[PDB]
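J.: Dropping a structure here in C-alpha cells format, bear with me for questions.
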Amino acid sequence: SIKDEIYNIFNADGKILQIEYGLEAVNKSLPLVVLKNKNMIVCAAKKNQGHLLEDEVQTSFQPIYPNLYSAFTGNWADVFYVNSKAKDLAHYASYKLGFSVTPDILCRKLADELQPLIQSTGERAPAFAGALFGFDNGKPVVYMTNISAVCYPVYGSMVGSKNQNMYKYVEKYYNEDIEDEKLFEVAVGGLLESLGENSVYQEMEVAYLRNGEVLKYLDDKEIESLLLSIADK
Amino acid sequence: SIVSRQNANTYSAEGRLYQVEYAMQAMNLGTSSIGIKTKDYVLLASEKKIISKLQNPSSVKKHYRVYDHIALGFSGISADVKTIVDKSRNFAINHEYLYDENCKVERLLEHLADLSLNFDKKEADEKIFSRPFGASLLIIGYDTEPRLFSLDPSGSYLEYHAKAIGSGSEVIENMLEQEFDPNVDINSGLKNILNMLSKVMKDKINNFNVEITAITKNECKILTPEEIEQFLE
Amino acid sequence: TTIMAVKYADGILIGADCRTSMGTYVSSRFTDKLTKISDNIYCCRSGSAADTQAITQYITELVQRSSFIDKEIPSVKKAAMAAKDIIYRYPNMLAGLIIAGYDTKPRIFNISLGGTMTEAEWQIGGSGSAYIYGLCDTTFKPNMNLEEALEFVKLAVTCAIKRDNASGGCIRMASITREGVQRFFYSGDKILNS
Amino acid sequence: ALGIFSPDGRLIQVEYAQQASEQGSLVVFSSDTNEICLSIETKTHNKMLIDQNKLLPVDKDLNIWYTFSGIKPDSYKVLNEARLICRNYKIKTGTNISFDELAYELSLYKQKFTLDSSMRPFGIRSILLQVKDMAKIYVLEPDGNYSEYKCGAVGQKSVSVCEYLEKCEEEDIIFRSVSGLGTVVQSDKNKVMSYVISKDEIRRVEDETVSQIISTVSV
Amino acid sequence: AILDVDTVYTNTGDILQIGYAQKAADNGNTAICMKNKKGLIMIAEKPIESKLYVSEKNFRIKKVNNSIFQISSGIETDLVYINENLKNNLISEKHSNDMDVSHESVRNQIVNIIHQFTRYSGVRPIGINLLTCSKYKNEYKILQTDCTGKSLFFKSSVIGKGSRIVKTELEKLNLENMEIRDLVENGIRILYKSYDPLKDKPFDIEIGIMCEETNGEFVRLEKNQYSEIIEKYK
Amino acid sequence: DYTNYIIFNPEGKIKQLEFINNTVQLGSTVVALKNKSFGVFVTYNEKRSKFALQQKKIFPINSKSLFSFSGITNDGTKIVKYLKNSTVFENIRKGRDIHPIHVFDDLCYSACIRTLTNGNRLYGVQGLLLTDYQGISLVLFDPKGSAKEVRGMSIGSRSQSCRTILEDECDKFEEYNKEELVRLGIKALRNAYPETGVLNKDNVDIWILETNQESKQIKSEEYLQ
Amino acid sequence: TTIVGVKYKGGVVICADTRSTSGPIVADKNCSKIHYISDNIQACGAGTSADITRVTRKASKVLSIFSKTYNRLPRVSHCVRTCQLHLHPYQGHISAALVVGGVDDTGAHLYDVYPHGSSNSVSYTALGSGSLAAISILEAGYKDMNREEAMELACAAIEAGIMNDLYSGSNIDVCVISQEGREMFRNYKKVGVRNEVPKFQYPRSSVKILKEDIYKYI
Amino acid sequence: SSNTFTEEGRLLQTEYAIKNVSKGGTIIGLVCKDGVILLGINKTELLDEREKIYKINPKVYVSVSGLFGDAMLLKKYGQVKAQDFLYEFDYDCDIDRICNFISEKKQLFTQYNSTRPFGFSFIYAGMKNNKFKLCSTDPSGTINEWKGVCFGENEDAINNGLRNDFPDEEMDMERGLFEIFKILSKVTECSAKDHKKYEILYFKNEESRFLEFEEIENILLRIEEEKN
Amino acid sequence: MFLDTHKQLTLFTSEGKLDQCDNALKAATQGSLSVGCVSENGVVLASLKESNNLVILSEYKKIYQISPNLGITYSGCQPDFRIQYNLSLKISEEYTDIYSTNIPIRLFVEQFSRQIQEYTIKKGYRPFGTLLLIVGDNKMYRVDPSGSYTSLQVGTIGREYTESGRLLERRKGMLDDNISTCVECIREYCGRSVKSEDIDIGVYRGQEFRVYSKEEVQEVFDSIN
C-alpha cells in the first residue's frame, strides 16, 4: 500500500497516487478563470488573503515574457516556482528560436520539463494548475497545464476550488464568437459559480488582454458594475 | 545511495553512531593478541586462526609489515585489514616521499583515524570503506621510541603500554594488571607475553600457531618458529 | 562603419551608416547597424560582425529575463553590464558595442574591445569615427533639442562617410525617448550629391 | 542492508554470499611438493546436458589454473579478472606476475564488491592453482579472504570432506582427493572428473580407478 | 498511515513535513520588523538561556549585503545556509550589474532557495520563518517568508512564538510620519507586551535600524540607545 | 519513524539534532573561564586504562589561540586542522588573525548542510575556542552549526555542574585575577567531581592565555596539591 | 558558383548555377545547390560542399522537429538562428555561407549567412565566386517586383555570373517560395550549351583480359 | 528484494526471473550429425517476420523465450558485439563469444542491486572446432551446453521427454526434427494438431535455412503414418 | 525512510510477473480508444478526442506524424506520450541524418522499443503508461510499456480494446471504404454522438502518411451519414 502511496509508480488501478494527491492540493486552492474570445482574453481570480499590514499588490496573473502571461493556482510557493521556471524556459527558448517565444511553445516546454517529476522519484511534483496565455501573431491563445504535466490548447481554463461548477457554467454559456462584454460576464460568472454570486467585488480581481497592449486590470468600480450586470441577468 | 549513507551515519539516542556500536561488537570476534611496550622494545604476539590443519601455518599470517619500522596486528573481520594495510603503506610511503623520513607511528594513527569515519566521501583514497572497518588494530613501530597504538573502528586511538585485543581481551587485561612490568628484558618479556597468550588459546601454544613481532631500535624482527621455540619453554 | 550616439534634451539619438564591406567590395549597402535589444534599448555594433551579433542575441534575452524577474522596464545599464561580461570573459570575441536606451533616464554605455565599459553623454565608434572626433568635440552641445541633435548626428556621420571608405550609404537614425523609438532616414542621394 | 553492519556486528550479506558459495558442486583437491590432484563432481540427472570443464587456465605459461564453487556466472567474471590481472600486470611491469600477487589482486577484486552499496558479493569460493616450482593452492572467500591450502574441499557438504581429509593423511594425493570426494557423492547420481596438475602440464585420470577408489568410501 | 515519511503529498493534498516545519518555526524567538518612509528597523528577542553567553556579541540579524539583512525564527541554524547562498547569489548579482538588487529579485532568490527544501526527498524542510529587510531605489520593504517558501511583502511583520499577540498590536499601529526612534519605542513596547513571563525566559533586545540618518546603511544599535526604553517597559 | 533520519517529528523537532547533544556530552570535562585580559582552560583527563596514555584534549591552534572539544574525537581533530588552516590563510591571504566567531563560518555552513540533508553525517563534537583578538575572546561551537561567544563554558561529561558553578560567578569574571579564574575553574571541576583523589596533579592540565602574550600550560600543583 | 537570392512582394526567388569545381577542374555538372530546409524555407550555400549540406541538414532537422511538435510552420528567423548558433562556435572552420529564404506568417524573408555565423536580412543577394558579376545585375535591375519580374532579374543575375566567372557555368536552378508554396525549376536554363560531339568506339579486341572471376548475387 | 542474497543463500529475484521464462513461448534445440535444429512456438500466425529465432552473425543463431523487450535488447547487444568482434579481428566469432557477451551482461544485471535480471533465456546454435554446438543462457547468466533443450511453456515436459524419450542414436537433422515432433506430440497433442505458429531452423554453419510449414506438414504426415 | 532515488521500482514478483509493468499496461488500457485498420491499398489510423475542459478540438491533435511515412497515436497518459514522441522524433531524424531516407517502420519500432524498455530497468523510474499504435510502410505496430512490439492487421488500444479488435475483424475492406468501415466500427465505442471535431484520422497511402484535416474528417462522416 504505502509503496504506491509514496512512489511515483502506477498502482493496481493504473494511476499514480502522488499525482492525484497533488491534484487534490491544487483543487483546494483559490479559484481562477481564464477565458478568451476571438479578440481578447479575460482572466478573473479570487484575490489572496487581505492582510491589513500588506504592502503589496498580489495578483494571480503574472507576466512571463513579452506577449506571454500565466495564470496559475495552487500552493503559492509552487505557483511562484513554476512561474520562475517558465521565465527561465521562455528566455532560453527565445534565445534558441530567434524570436520571442509564444504561449504554445512555452506550455509544451514547461510540461516536458515537468514530466520527469511525474515519471521519476526524488523530486516532488509542483502542485499548480492554470493557463499560459498571450497573443500569437495577433490571435489570442490560451494553453492549460497543471501538476499532471498535461498541455492542451483550450478556449479557457477554470482551476482551483469548485472548478467543476465553474466548468459547468462556462461550457453552458461560453462560445468563441461571444462578444467582449459577454466574455467578461461569462468569465466572472464562472468564477462566481465557485465563489458564490453574492460575493462582493473586493474578493476577486479581473484582468483582460488585447493584441497590441499589456495586460490590464479592471478598476474597483468597473468590477462593481460588472458584478451588478451579472446579478441583473 | 542516500538511504544507505544515512543508514551508515545515523546516530543512536545514547550518542555513538549505530554502525560504530556494531563494529565494536565485530571488532573482538577473533583470535586474541597481546602488545607490550618497554622503553627498549615493543612486542606483539597473536595466535593464528588455523581453521583447519590442512591450511598451512605459513600462509595464515596475522602481522603485516606497514613500513620499515611499523608492524600491524589486528582482531575481528580480517578482510578489512588488508585494505587498511594497503592504505597505511601508501600513507607511510607518501610521508617518506614528502619528508624523506620514517613517519611517527602517531602520524599514521592520525591519518587512519581521519580516514575511518569518511564513509560518505566520494573518492576512494579519502576514505577506508562506506562503513567502519570491522577490525581492531594494534600498530607498533619505532619513531625514536617503541610505540604501541590501538585503533578502534570508532576512529579513536590511544597509545598504550600494554593492550590485548580479541576474544581474550578482557581476561588478558585482568591478567596484565597483575603480571606486566616494563622493567623486564626482551627475552623474559617474550616469555611473559607467550605465557599470557597461552591462557586463552583454544589449543596448546606452540611455535606454529603463534606469531610474534618485536620491534626495537636495532631491528624490526619477526620471530621464526625455531626462535619462538626458545621462549615457549 | 560609423556609429554615433548622442544624448539630447529628452532622449537618445543614435546614428549609423549602412555600408558593410569585405575588402574593397561592399557586400551589402542596406545593413541595419542599429540593433534593437529591447523596445527601449538599442545597440550599435562595431567589431567582428559574427561576434557582435552573438552578444546582442544573448543580451536580448538576458535583459528581458531580468526585466520580468524584477517586474520593471528593461534596464539599459543591465544590458550594458551583461555585454561587458561576455566581451570580457571571451577575449577571442572581437566586439565593441554602444548600448543606448531609456529606462528611467537616457543612458549611453560604450563597451570597448577589451570589455572597457564607460558611461558617456555622446559616443562614436567604428572605423569612420576616427575622422570626426574633432568635429564632434567642437560641435557637441549639452541638452540639445531633437532638431539640433539630429543635425549634429547628420553632420558628423556625413563627414565620416565622405572620408572613411568603409563608411557609406544613407544615415540610419533612431531616437529612443520615454515616448518610444522613432526611426529616421537621411538618404545618400542628399549626402553624395550635397 | 548492503555493505553495512547488522545490529550484532555481522556483515549479513557477506555471510549470505558465503552460504550461497557453499550451495555449489563439491570440489576436492590435495597437493604434494610437485603435484596437485583436483577432483570435481557434477550432477548427471540430465543426459542431454553437456558438463562444462570446471578447471580453467588463468595463464598458460605461468601454469595457473582456476576452479570455483557457488554461483557459476560469478565465476566467469572472477576468472576474466584473473586473466586480465595477469595480462595487465605483464603489460605494466614487463615481467610475469607471481602467484601470490595474482592471489592478492583477485582477492582485492573479490573484496571490492563487499565494500560498496548498490552491488552484490560474488558468493563463490574460488581456487587458484599453480605448479611451476612447487604446488600451491589458494582458496579465495567471497568476502576477499584468501590463504594457501595443502588440501581441502569446497562446496556442497565440503565441511565433512575437509574433516575426512584431516584424517586421510595418505601419501598418494590422488587417493586422498578421490576418497574425500567419495564421502559425499553418489556414483549413480554424480559424474566425477579428476585432474593431475604437474609441471607446465595437465591431464585427467582414468574413470575406472577414480570410481573404484570412490566406491570404498561412504559404503 | 500518515505519509509524513518524506516531503510528499497526503491523500488530502497536504505536505505534513512542511506542517511540522511550520510548527518548529512558530516556536522560535520573536523578531519584529517595521517599515516606514523614513527608514526601517527590526527588533529581535534574544532569550537568556544562560548568563554565560555574551548576548551583546551574538547577533540574530545576519546581513546578506550592504542593503539586505534578514532574521529568522525556528531552527535558526538553517538561516546559516539560506544566508550564505543568498549572499553568494546577490553579491555577485549586484556587482555584475553595478546596481542594487531589487526587492522582487530578492524575493525570487528567497522563494527559489527555500522551495527546493520543500521539493526534494532526501532533504528536510527549512523549518524557519524568515524576515528579510532590504533597501532599493530609496525604498524599504520587509519580506516575511514561511516554511513553504511563500514570502510576501509587508508594512510591518513579526515571526516567532509571540507573533499572534504582536500582530494585533501592529494592526493597531500607524506607521506614517513616525520617527525612527518612535519605531524603536513602539517595537520595544510591543515586544514586551508579548513577553508572557511565566512561559518564556527573560530576553535581551537586538535592534538594527536602516534609515536616512545613516544613509540607509544597516546599523546595530548599542544598548545605551534603548536602555531607557527597556527600563520603561520591563 | 522520526528517530532514524533527518526529518521533523509531528511535534516539530528533529530527533537526531537532539541526539548529537548527548553525543557531545561523552568527552571529558573542559572548563573555560574568560576575562578581558586573560582566559583559562581547565580539563579533567582520565586514563582509559592503567596502561593508556593521556589524550591531551587541549590543542593549541596558534600562539595566543587554544582549542578544545568534547565528543567524537575524529570531528574534533578535523576542526583543529580546519582552524590551523584558517589561521594560516587569514594570516597570509588576509593579513590578520582569525576572528573568534567568523573563523567558524565555513564550518557552520557545512554543519548546517549536514543538518538539512540526509546521507551526510552530523558533527558530533562541541568545541571551545579561546583566542586573543582585541582582547581575550571565548567561543562555543555547537554541532548544529552555530558559534557563540561566552564568558565561560564547560563541555564534556557532567558539564552542567561546572556550567552552573561558573554561571553563579559570571558577573565577577571581569574583576577576578588569573589566580582567581584558575581557582574558580578548579572549583567547578571539584563540584562536578566531588570524589576525592580522582582530581589530582596528573589528571588535570591547566592552560593560561593572556592578551598580548603567548599561551602556556602551567603546573597544577599549586591548585590541587 | 553564383547562388542568388531576390525578395519580391510576396515571396523570394533563390537561383543558383549548376556547377561544382575542385581547382581548375570541373567536378560535377547539373549540381543542385538549393538545399531543402522546410516546405516554406530553402537554403543555397557556397563554400565547403559538405558543410553546406550538413549545416542546412541541421536546420532541416530542428525545423522539422519544431513544426511536427508544435504543428506550426517554422520561421526563417528560426532557421537562421539555428545556423548562426552552429557556425559561430567553430570560428568559421565550418566554412558555410548560405542564402536562406522563405515565407512565414510574418511574410517573405531573405537572409545572408556567413561562415563565422553572422546573418543579414536583405532584399536581394548574391553569393559565391560569381556574386560580384551577379550583384552588378541586381544593383542595376532591382526594384519592387512581382514573382515574374523577380524571376527574370535573378536569372539575368545568374546568367551574368555564369558568363563572366570562371568557376560558374552549366545551368540555372530556380526555386520560388511564395505565400502559395514553393515551386522548383531545375535546369531552368541551359546557357552553357555543349557541342553535339559524335560517339567514339574502340574495337572490343583492343583490350586483353588476363584472368576473370565471376561472382553471382543471390 | 532486488539483487541480494537471502538466508537460504539464493538470489530470489533471479529465481523469479527464471520462473518468468517458463511462461514464454516454447523453444527447442537439438544437435544432430549435420546441423542444429532450432524450433520455436509462437502464440499467433507470424509469417510476417521471424519472432522466435534470430541471427547474430553468419554462424550463430538464437532462440528466445521470456520477456520480449529484454530479449530484443540483448539480441541487439549481442549482434553489436559480434560486429565489434569482426571489426577487431576481421573474422566472425563462434557461438562461445556470443554466449560470453550475453552471459556477461546478464550476470552484470543480476549482480547490480539497483537493477532487475533479464527475464528471458537464449538457445545458441553454432559451431566450434568444426563440430556443431548448442548452448543456452538463463536469466542468471549461466551458460549450459546441450545435446537438446527446451524452454517456455511445457519446458519441463519436453525436457523430460528429451531426457528419457529421445533416442541416443546419432541422426541427421531430418530424423532429429521427426523425433522432436514425436516427443512433442507425445507430451501434448497441440504440437501435432497445428503448425502455422512454428519457426524451425535447419542450422548448417554455412547454409542454414528455415522450414516452410509445407515441410513441417511433410514431417507431420510421416509421423502420422509411421505409427499406423 | 524517505524516497530512495536508487530504488528499482520494477521487479519480478514471486509469480514471475513484473509488478509495475502490468500496472503501467493497466494505466495505458484506460486511455481513449484508438484503432488502426490495414488494407490492401494502405493503412487507416483513427482515435477519439475528449471534448471536456474546453479543449480546442480543431487545434488539439491525437494522431501525430514522426516522418513522412510514419504516424503514431496513443492510449494512456498524455505526458508520457509527449516524451516518447520527442524520443521518436529524435530517432527518425537521426536515421534521416545517417541514411538520408525515411526511417523504415520495423527499424524505427525496434530502436524505439529498446528505449521504451530502458525504463523497465532504469533505477528510480517507472515505465511509460501509454500504448502506441505506429502506422507506416503498409504495416502497423502496437508498442506497450514493456517495450514489446507486435505487428498487427487490425489493432485497438485504450478502452474496449479486445471487443473493438474483434469488431475491426468484421469491419475490414478496401482502404477507400475501410475508413468509413472503421469509423462505423469505433462509433460503437464512444460515449456521445461523434462530430468530426471529436475524431482524428491518419491514413498511410502509397509512400507517405498524412493526417486528415478537420474538413476531410467531415467528408468521411458525410459518407457515414
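Following the order of the C-alpha cells, first chain is A, next is B, and so on, with residues numbered from 1 inside each chain and ligands from 1 in the order they appear.
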Write out as a count of residues only the residues lying within 9 Å of region 121-136 of chain D, counting only C-alpha atoms and excluding same-chain residues fewer than 5 positions away.
T.: 58
J.: Might you pull out every residue within 12 Å of region 98-100 of chain I, with only C-alpha atoms counted and same-chain residues fewer than 5 positions away left off, and present them as a PyMOL selection string?
T.: (chain G and resi 53-54+57-58+60-61) or (chain I and resi 67+91-93)
J.: I need the residues from that last selection saved to file as a JSON list (two decimals), in the first residue's frame (with C-alpha atoms), if you can.
T.:
```
[["chain", "number", "residue", "atom", "x", "y", "z"],
["G", 53, "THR", "CA", 24.73, 20.07, -46.79],
["G", 54, "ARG", "CA", 25.28, 19.32, -43.11],
["G", 57, "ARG", "CA", 20.56, 19.50, -42.77],
["G", 58, "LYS", "CA", 20.84, 20.52, -39.11],
["G", 60, "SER", "CA", 16.11, 20.99, -41.59],
["G", 61, "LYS", "CA", 16.09, 18.66, -38.58],
["I", 67, "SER", "CA", 8.32, 11.05, -40.52],
["I", 91, "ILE", "CA", 15.13, 8.55, -33.63],
["I", 92, "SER", "CA", 13.68, 9.32, -37.05],
["I", 93, "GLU", "CA", 15.75, 12.48, -37.52]]
```
J.: Which neighbours of residue 208 (chain D) fall inside 12 Å, counting only C-alpha atoms, when residues of the same chain fewer than 6 positions from it are skipped, and could you give them as a PDB file with C-alpha atoms, in the first residue's frame?
T.:
```pdb
ATOM      1  CA  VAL D 178      39.164 -39.039  -4.795  1.00  0.00           C
ATOM      2  CA  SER D 187      28.202 -42.746  -8.140  1.00  0.00           C
ATOM      3  CA  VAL D 192      33.179 -37.274 -11.343  1.00  0.00           C
ATOM      4  CA  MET D 193      36.277 -35.905 -13.059  1.00  0.00           C
ATOM      5  CA  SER D 194      39.835 -35.914 -11.739  1.00  0.00           C
ATOM      6  CA  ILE D 214      35.332 -43.730  -4.592  1.00  0.00           C
ATOM      7  CA  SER D 215      33.276 -46.905  -4.175  1.00  0.00           C
TER       8      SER D 215
END
```
J.: Hey, what's within 6 Å of region 131-146 of chain E if we count only C-alpha atoms and toss same-chain stuff fewer than 5 positions away? As a PDB file with C-alpha atoms, in the first residue's frame, please?
T.:
```pdb
ATOM      1  CA  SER E  67      21.433  46.777   1.583  1.00  0.00           C
ATOM      2  CA  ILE E  68      19.776  43.477   2.608  1.00  0.00           C
ATOM      3  CA  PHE E  69      19.686  41.919   6.073  1.00  0.00           C
ATOM      4  CA  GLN E  70      17.450  39.221   7.490  1.00  0.00           C
ATOM      5  CA  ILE E  71      16.452  37.460  10.702  1.00  0.00           C
ATOM      6  CA  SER E 102      15.638  44.885  -6.291  1.00  0.00           C
ATOM      7  CA  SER E 151       7.143  35.117   1.015  1.00  0.00           C
ATOM      8  CA  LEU E 152       5.103  38.323   0.887  1.00  0.00           C
ATOM      9  CA  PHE E 153       5.987  41.973   1.393  1.00  0.00           C
ATOM     10  CA  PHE E 154       4.538  43.627   4.489  1.00  0.00           C
TER      11      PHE E 154
END
```
J.: Write out as an NGL selection string which residues come within 9 Å of region 27-44 of chain C when counting only C-alpha atoms, dropping same-chain ones fewer than 2 positions away.
T.: (:C and (1 or 3-5 or 14-22 or 25 or 46 or 53 or 56-57 or 59-61 or 63-64 or 73-76 or 79 or 96-103 or 125 or 168-170 or 172-174 or 176-178 or 180-181)) or (:G and (120-123 or 125-126 or 132))
J.: As an NGL selection string, please: every residue in region 9-216 of chain E that a backbone DSSP assignment puts in strand (DSSP E).
T.: :E and (31-36 or 39-47 or 62-63 or 68-74 or 128-136 or 139-145 or 151-154 or 156-159 or 203-211)
J.: Out of F:115, F:63, F:54, F:23, which residue has the shortest atom-to-atom distance to residue 77 (chain E) when counting only C-alpha atoms?
T.: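 Checking each of F:115, F:63, F:54, F:23 against residue 77 (chain E), counting only C-alpha atoms, the winner is F:115.
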J.: Using only C-alpha atoms, determine which residues lie at most 12 Å from residue 234 (chain E), disregarding the query and same-chain residues fewer than 2 positions distant; provide the list as a PyMOL selection string.
T.: chain E and resi 188-197+202-205+226-232
J.: What residues in chain I lie within 10 Å of chain B, counting only C-alpha atoms, written as a list in words?
T.: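 Residues of chain I within 10 Å of chain B, counting only C-alpha atoms: residues 1, 2, 3, 4, 5, 6 and 7 of chain I.
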J.: Can those selected residues be exported to a file as a PDB file, in the first residue's frame so that it contains C-alpha atoms?
T.:
```pdb
ATOM      1  CA  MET I   1      12.561   6.128   5.165  1.00  0.00           C
ATOM      2  CA  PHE I   2      12.444   8.930   2.611  1.00  0.00           C
ATOM      3  CA  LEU I   3      12.195   8.195  -1.108  1.00  0.00           C
ATOM      4  CA  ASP I   4      15.081   6.008  -2.294  1.00  0.00           C
ATOM      5  CA  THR I   5      16.009   7.528  -5.652  1.00  0.00           C
ATOM      6  CA  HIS I   6      18.198   4.477  -6.360  1.00  0.00           C
ATOM      7  CA  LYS I   7      15.343   2.008  -5.835  1.00  0.00           C
TER       8      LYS I   7
END
```
J.: Could you give me, as a PyMOL selection string, the residues within 10 Å of residue 164 (chain C), counting only C-alpha atoms and dropping anything in the same chain fewer than 6 positions from it?
T.: chain C and resi 1-2+126-131
J.: Convert the current residue selection to file output with C-alpha atoms, as an mmCIF file, in the first residue's frame.
T.:
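Resulting contents of out-v2.cif:
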```
data_model
loop_
_atom_site.group_PDB
_atom_site.id
_atom_site.type_symbol
_atom_site.label_atom_id
_atom_site.label_comp_id
_atom_site.auth_asym_id
_atom_site.auth_seq_id
_atom_site.Cartn_x
_atom_site.Cartn_y
_atom_site.Cartn_z
ATOM 1 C CA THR C 1 31.431 51.707 -40.009
ATOM 2 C CA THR C 2 30.388 54.974 -38.399
ATOM 3 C CA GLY C 126 33.558 52.286 -35.979
ATOM 4 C CA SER C 127 36.385 52.844 -38.416
ATOM 5 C CA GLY C 128 34.951 56.140 -39.639
ATOM 6 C CA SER C 129 34.725 57.628 -36.152
ATOM 7 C CA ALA C 130 38.445 58.406 -36.316
ATOM 8 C CA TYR C 131 37.727 61.302 -38.679
#
```
J.: For chain I, work out the contacting residues on chain H at 10 Å, counting only C-alpha atoms, and write them as an MDAnalysis selection string.
T.: chainID H and resid 1:3 12:23 46 48:49 51 67:74 76 109 113:119
J.: Now that the selection is made, can you save its residues with N, CA, C and O atoms as a compact mmCIF listing (two decimals), in the first residue's frame?
T.:
```
# COMPACT_ATOMS: atom_id res chain seq x y z
N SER H 1 13.34 -6.71 -2.15
CA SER H 1 14.00 -7.87 -2.82
C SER H 1 15.28 -7.43 -3.52
O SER H 1 16.36 -7.45 -2.92
N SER H 2 15.17 -7.03 -4.79
CA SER H 2 16.33 -6.61 -5.56
C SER H 2 17.38 -7.71 -5.62
O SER H 2 17.14 -8.83 -5.14
N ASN H 3 18.54 -7.41 -6.21
CA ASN H 3 19.61 -8.39 -6.37
C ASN H 3 20.43 -8.46 -5.09
O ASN H 3 21.46 -7.79 -4.93
N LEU H 12 16.68 -14.43 -4.88
CA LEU H 12 15.27 -14.68 -5.16
C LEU H 12 14.82 -13.98 -6.43
O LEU H 12 13.98 -14.49 -7.17
N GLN H 13 15.37 -12.79 -6.69
CA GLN H 13 15.00 -12.07 -7.90
C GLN H 13 15.39 -12.85 -9.15
O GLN H 13 14.61 -12.92 -10.11
N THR H 14 16.58 -13.45 -9.15
CA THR H 14 16.99 -14.27 -10.28
C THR H 14 16.11 -15.50 -10.42
O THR H 14 15.80 -15.92 -11.54
N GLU H 15 15.71 -16.11 -9.30
CA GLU H 15 14.83 -17.27 -9.37
C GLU H 15 13.48 -16.89 -9.97
O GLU H 15 12.92 -17.64 -10.78
N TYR H 16 12.94 -15.73 -9.58
CA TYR H 16 11.69 -15.28 -10.18
C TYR H 16 11.86 -14.96 -11.66
O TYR H 16 10.97 -15.24 -12.47
N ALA H 17 13.00 -14.38 -12.04
CA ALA H 17 13.26 -14.15 -13.46
C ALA H 17 13.29 -15.46 -14.23
O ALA H 17 12.74 -15.55 -15.33
N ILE H 18 13.93 -16.49 -13.66
CA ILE H 18 13.97 -17.79 -14.31
C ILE H 18 12.57 -18.38 -14.42
O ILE H 18 12.20 -18.95 -15.45
N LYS H 19 11.77 -18.24 -13.36
CA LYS H 19 10.39 -18.71 -13.42
C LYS H 19 9.62 -18.00 -14.53
O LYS H 19 8.77 -18.61 -15.19
N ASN H 20 9.91 -16.72 -14.74
CA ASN H 20 9.23 -15.97 -15.79
C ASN H 20 9.42 -16.63 -17.15
O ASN H 20 8.52 -16.59 -18.00
N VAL H 21 10.58 -17.24 -17.38
CA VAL H 21 10.89 -17.79 -18.70
C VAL H 21 9.91 -18.90 -19.06
O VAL H 21 9.44 -18.99 -20.20
N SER H 22 9.58 -19.75 -18.09
CA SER H 22 8.72 -20.89 -18.36
C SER H 22 7.33 -20.49 -18.84
O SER H 22 6.63 -21.33 -19.41
N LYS H 23 6.93 -19.24 -18.63
CA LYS H 23 5.65 -18.75 -19.14
C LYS H 23 5.73 -18.30 -20.60
O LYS H 23 4.69 -18.00 -21.19
N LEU H 46 2.54 -15.94 -37.69
CA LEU H 46 3.53 -14.87 -37.77
C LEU H 46 4.46 -15.00 -38.98
O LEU H 46 5.67 -14.84 -38.84
N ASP H 48 4.73 -12.89 -41.14
CA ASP H 48 5.18 -11.54 -41.48
C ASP H 48 6.67 -11.38 -41.21
O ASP H 48 7.41 -10.83 -42.04
N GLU H 49 7.13 -11.87 -40.06
CA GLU H 49 8.54 -11.78 -39.71
C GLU H 49 8.86 -12.84 -38.67
O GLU H 49 8.00 -13.20 -37.86
N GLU H 51 10.08 -14.23 -35.29
CA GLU H 51 9.99 -13.65 -33.96
C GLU H 51 10.59 -14.50 -32.86
O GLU H 51 10.92 -13.96 -31.80
N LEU H 67 10.70 -12.47 -21.46
CA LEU H 67 10.39 -11.06 -21.69
C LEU H 67 10.90 -10.62 -23.05
O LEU H 67 12.11 -10.61 -23.30
N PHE H 68 9.98 -10.23 -23.94
CA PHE H 68 10.37 -9.89 -25.30
C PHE H 68 11.22 -8.62 -25.36
O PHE H 68 12.17 -8.56 -26.15
N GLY H 69 10.91 -7.62 -24.54
CA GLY H 69 11.69 -6.39 -24.59
C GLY H 69 13.15 -6.61 -24.22
O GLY H 69 14.05 -6.19 -24.94
N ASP H 70 13.39 -7.29 -23.10
CA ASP H 70 14.76 -7.60 -22.70
C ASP H 70 15.42 -8.51 -23.73
O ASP H 70 16.62 -8.37 -24.02
N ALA H 71 14.66 -9.46 -24.27
CA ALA H 71 15.22 -10.38 -25.25
C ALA H 71 15.72 -9.63 -26.48
O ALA H 71 16.84 -9.88 -26.94
N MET H 72 14.92 -8.71 -27.01
CA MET H 72 15.36 -7.94 -28.17
C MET H 72 16.49 -6.99 -27.81
O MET H 72 17.41 -6.79 -28.62
N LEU H 73 16.46 -6.40 -26.61
CA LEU H 73 17.56 -5.54 -26.19
C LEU H 73 18.88 -6.31 -26.24
O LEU H 73 19.86 -5.86 -26.85
N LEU H 74 18.93 -7.48 -25.60
CA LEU H 74 20.17 -8.23 -25.57
C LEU H 74 20.48 -8.93 -26.89
O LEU H 74 21.65 -9.19 -27.17
N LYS H 76 20.02 -7.37 -29.80
CA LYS H 76 20.72 -6.28 -30.47
C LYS H 76 22.11 -6.08 -29.88
O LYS H 76 23.07 -5.83 -30.60
N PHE H 109 23.64 -7.68 -14.73
CA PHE H 109 22.32 -7.24 -14.30
C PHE H 109 21.76 -8.02 -13.11
O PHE H 109 20.91 -7.49 -12.40
N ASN H 113 22.62 -4.12 -7.69
CA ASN H 113 21.49 -4.11 -6.76
C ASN H 113 20.33 -3.28 -7.28
O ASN H 113 19.17 -3.62 -7.05
N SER H 114 20.62 -2.18 -7.96
CA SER H 114 19.58 -1.24 -8.39
C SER H 114 19.00 -1.59 -9.76
O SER H 114 18.43 -0.71 -10.41
N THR H 115 19.12 -2.83 -10.21
CA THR H 115 18.53 -3.27 -11.46
C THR H 115 17.97 -4.68 -11.29
O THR H 115 18.29 -5.38 -10.33
N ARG H 116 17.11 -5.08 -12.23
CA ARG H 116 16.47 -6.38 -12.17
C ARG H 116 17.03 -7.31 -13.24
O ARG H 116 17.47 -6.85 -14.30
N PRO H 117 17.04 -8.62 -13.01
CA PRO H 117 17.55 -9.55 -14.02
C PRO H 117 16.72 -9.50 -15.30
O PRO H 117 15.54 -9.14 -15.30
N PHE H 118 17.36 -9.88 -16.40
CA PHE H 118 16.67 -10.01 -17.68
C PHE H 118 15.82 -11.28 -17.65
O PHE H 118 16.34 -12.38 -17.45
N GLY H 119 14.51 -11.13 -17.86
CA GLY H 119 13.61 -12.25 -17.79
C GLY H 119 13.44 -12.99 -19.10
O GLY H 119 12.34 -13.04 -19.66
```
J.: What does the distance from CA of residue 175 (chain C) to CA of residue 106 (chain C) come to in Å, to one decimal?
T.: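 Rounded to one decimal, the two atoms are 10.5 Å apart.
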J.: Tell me the residues of chain E close to chain F, meaning within 9 Å using only C-alpha atoms, as a count of residues only.
T.: 37
